[PDB]
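One protein chain, two forms: both are listed below as structure tokens, the first as structure 1 and the second as structure 2.
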Structure 1
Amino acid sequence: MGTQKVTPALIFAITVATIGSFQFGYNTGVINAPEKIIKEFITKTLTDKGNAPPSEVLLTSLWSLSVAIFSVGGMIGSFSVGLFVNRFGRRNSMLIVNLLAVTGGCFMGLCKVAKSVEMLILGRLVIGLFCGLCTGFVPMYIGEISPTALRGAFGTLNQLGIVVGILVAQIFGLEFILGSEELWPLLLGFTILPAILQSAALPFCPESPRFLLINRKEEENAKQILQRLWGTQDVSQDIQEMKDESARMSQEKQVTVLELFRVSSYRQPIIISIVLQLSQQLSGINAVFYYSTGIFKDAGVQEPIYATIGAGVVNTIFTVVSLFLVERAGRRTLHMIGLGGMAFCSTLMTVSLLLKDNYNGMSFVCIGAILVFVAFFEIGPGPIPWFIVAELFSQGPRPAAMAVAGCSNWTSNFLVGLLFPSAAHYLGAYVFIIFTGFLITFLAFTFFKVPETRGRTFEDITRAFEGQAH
């Protein structure tokens, strides 16, 4: 660190940014607990308007739309990240898009009194747009304001906000909290509250000093930001690194999404970036999490909701473990340990489910395998893919790269949700071997192809890719 310090100003800026992370986690998790209540809302709304009651097929299809349109919004929003952050700045983009959060939140909060299934769906779409933007904005901002020596640790706070968001959503989802037939619209509308808090705090957060110096050529203002954030007058090493990046950006053509795949020095890190997002989603994490309640039930958990909240707690604990290890073990090591551990547990899910009707003891192995799967997920594959894309690129290509990588993350999530039910229908317990196959494939990819980013400047990493390309 040298004379660099973790100041209250720095902790403030990072924590305020991760309110967006919290929003992504909350909106991801919140819809699941009130599924039956929301289906009753859809039924009653259709018949209140005079229609025939929907079949189970239509209810399932409208429920699935309500859930999945969030991912569609996220695909669009994440892909749009580059547009916003280069035009408005990183801090200013986070401020502006809270208009989407409050709007989507109000649509969801008002859909019941408006007796409108359309408003629920529109609300989920709009909050999806917002969350997709957040998943790119937050690790970018944190990556650009963090001291290099702590960039991974601070990057992991993005995922910590996400898993805290999921857990709070699960806890609120309880029937005696906000998950009642009465108040479920408030469960959804809750997302307006972190938006108001974040929006009030964001003006007092600095704009990215990298955006200021490199994109806007405001060296003096950037230097003063760093000096305050890092609690030291001496920031020459970092300013000169940014000036090197400014020279680079001035010497490279304006970056487009398509160019990322055409240029060898860009194609290596964008393929790494995309494959790392795939390793996160094609792990099956959201399928395992969503369907955990039913799997727990089938293995004999009498009160499955408590096991799923237990998973949410494990989810949080091991994100904190990752936080404390990622600068020591490095990104490569934690990502590989997580992928390998998940491959073991997903295989054990298949084996235990195949055996449990003959050997009941294997029921408990199944329950344990899901919990340990989540633990290994958060050791690396949860936190690292979101922030590592910021690390793999210099200032110029970073927004387009995070747009592409973030979109690939949301899109692969969408595909898992779309295809998993059919795959499970044909393969039964063997469906989890599909995730095992991906996990192993990406474990091999990570070992051979993913560079260690810990403690390295963006310019260091970029020069290394150019050297490999040459």
Structure 2
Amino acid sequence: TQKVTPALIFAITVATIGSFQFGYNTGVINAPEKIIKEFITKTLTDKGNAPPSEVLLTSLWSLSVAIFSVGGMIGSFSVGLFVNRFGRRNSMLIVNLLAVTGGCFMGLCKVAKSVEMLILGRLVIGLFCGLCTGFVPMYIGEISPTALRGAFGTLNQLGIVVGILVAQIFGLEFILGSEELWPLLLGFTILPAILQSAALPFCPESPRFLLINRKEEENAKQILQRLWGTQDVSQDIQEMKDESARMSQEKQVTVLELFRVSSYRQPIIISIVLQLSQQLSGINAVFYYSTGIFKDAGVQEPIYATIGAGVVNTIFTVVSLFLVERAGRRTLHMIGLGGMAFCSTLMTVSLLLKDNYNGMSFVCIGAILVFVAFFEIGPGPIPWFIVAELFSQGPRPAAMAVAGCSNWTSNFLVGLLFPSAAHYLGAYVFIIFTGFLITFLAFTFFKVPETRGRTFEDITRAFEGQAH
């Protein structure tokens, strides 16, 4: 007997402002490219350099884009420097200083005639976003009622995709995507941060962290009673007491220790492979090629098809949210991997028959949109919250620094190496991705145990049994 209280929904929603931040900053950079390149040309040339070549502009732009990922790699790997020392909620209150700072660098670089400020600002917003992708699932995972852990955990990915969609809408030239307003398109990131710092004082630190890491039992119990809307919180205080007992019997874990301890090695392998199943799914290739295929299919301003694909992107994230607690994690993730595997084959075949049987441009659009649906059914939301469920309280931060960093790093290497691969492979690049997908589908079938509705204590014991 536990309803969902307005206070619990408020807490998790405010935390997922971090997710919206990650989505917005990831997706905001593409639309203003040419406006910002003219800005770079004007800035240099007014400081007395010769006008930059295309080569130089491509170079400086590419650095603006990419230095975000470098920040995200670092930020996410450092989550373990914050969450135990400051607590989960307080950590969020602290790193908003980074968000406001990076948003100011980006938002002010034009009136300050500074290309360096734009780049610096993209790195600092990257550090911020990396810390977010680790803080938000840890908080959500630790305060959620056990039967709603994955559902609430899906709001993370929903926050991300909505952030992306809003970044693209704002980037329209009649909104903020203009030569006069692109600083506000970029600086916009400080408003959600300002909004989250105002609201975070009304969000409790999770009763789990309070009881387990700070041994504050009777104050954890009072938080719990309000979040749940009931006063019988008995089963659940002690399960937390069981985790507290468990944690005081364990040496807690460094990143290196995850890999030497045997009880951890397969949870951490599941954790990382699931991140690769997300970033090597082919989803990147689909967005890359997407704008090109649209223009080719008679859509003379293809940003609206990109926005339309974001709408689809959002729809099927909610679909997953409603399915994840009944269907399970295994089922939703493998449905995704196989559904994608089918679509990337149809893309290779479409593109190869394209200007010989001419209708194929629409076929390839159908495949792209069906791909996005299958991505959000499982491989999108699940890798972001599952790591929190595979570990007990003590190892969780280090585990989520590793899993989070491997998500950003694989994303970075993919964005780096794919243009070459596509150049030599052409349309056959969707066939290597079909090959990854089948392999990940195999991996999930044999290696990933079901975690839906199970306590941390019963998930951990099963991993310990197997290691025995």
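Take the two forms, superpose them, and find the largest set of C-alpha atoms that agree within 1.5 Å; that set is the rigid core. Structure 1's sequence is the ruler for residue numbers, which start at 1.
(request) Determine, with the core as the superposition reference, the one member of 214, 205, 288, 166 that shifts its CA by 2 Å or more between structures 1 and 2. (result) That would be 288.
(request) For residue 53, state whether the C-alpha moves by 2 Å or more between structures 1 and 2 after rigid core superposition. (result) Shift of 2 Å or more: yes.
(message) I want to check residue 327: does it shift between structures 1 and 2 by 2 Å or more at the Cα, with the core superposed?
(response) Where the cores coincide, residue 327 shows only a C-alpha shift between structures 1 and 2 that is less than 2 Å.
(message) So that I can tell if residue 121 moves, could you say whether its C-alpha shifts by at least 2 Å between structures 1 and 2 after the core superposition?
(response) After core superposition, the displacement of the residue 121 C-alpha between structures 1 and 2 stays below 2 Å, so no.
(request) After lining up the core, report the Cα displacement of residue 261 between structures 1 and 2 in Å, one decimal place. (result) It moves 0.9 Å at the C-alpha.
(message) Rigid core superposed: how many angstrom does the CA of residue 302 shift between structures 1 and 2?
(response) Its C-alpha moves by 2.7 Å once the cores are overlaid.
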